[PDB]
Amino acid sequence: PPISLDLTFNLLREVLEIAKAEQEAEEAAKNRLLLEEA
Amino acid sequence: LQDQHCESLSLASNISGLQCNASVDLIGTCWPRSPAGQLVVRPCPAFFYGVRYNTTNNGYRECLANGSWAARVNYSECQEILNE
């Protein structure tokens with residue numbers, strides 16, 4: 304049968320990695336942005 | 125300052141036309157001269173500004189197959205290396 308968890312958990316799943324990603328936003332992002340962009 | 129370092133980075137090229145200029149594109153990276161139509165592969169050095177950053181992946185600047193530079197350097201390879 305059709306079963307799914309992450310699909311519904313995404314709300315917290317994304318927030319988890321997204322929120323914890325903040326540390327890589329204030330400064331890291333500037334480097335990654337340039338790196339990814341380059 | 126950077127140019128000579130980027131230009132001399134390779135040395136003794138002698139490319140009879142069709143090549144890219146050895147200098148900087150985006151970040152402070154010294155790219156060497158190569159013949160037109162070449163996948164100029166070379167990631168970032170160990171540590172960037174204030175962080176180690178990933179250096180296992182190998183990005184490529186790509187040498188325009190005519191006489192210039194490309195648009196993608198695929199520097200994404202140099203990403204963060206933290207545990208969440």
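Residue numbers (the deposited numbering), protein chains in the order written: chain B, 304 to 341; chain A, 125 to 208. All C-beta atoms, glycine included, are put in the ideal place defined by N, C-alpha and C.
Interface flag for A332(B) against chain A is unset, since no Cβ pair is found closer than 7 Å. Beta-bridge partners assigned by DSSP to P159(A): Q143(A). For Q126(A), the uninterrupted alpha helix (DSSP H) segment begins and ends at 126-131. When DSSP states are grouped into helix, strand and coil, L206(A) belongs to the coil group.
Look at the stretch 138-169 of chain A: the residues with a C-beta under 9 Å from a C-beta of chain B are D149, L150, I151, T153, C168. Contact annotation: in the stretch 181-192 of chain A, residues whose CB is within less than 9 Å of a CB in chain B are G183, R185.
Taking a Cβ-Cβ threshold of 8 Å, none of the residues of chain A is close to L308(B); the smallest such distance is about 20 Å. Ranked by how close their Cα comes to the Cα of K333(B), the residues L188(A), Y177(A), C130(A) have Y177(A) in first place. With contact defined as three or more Cβ pairs closer than 8 Å, the stretch 149-156 of chain A and the stretch 192-200 of chain A are in contact.
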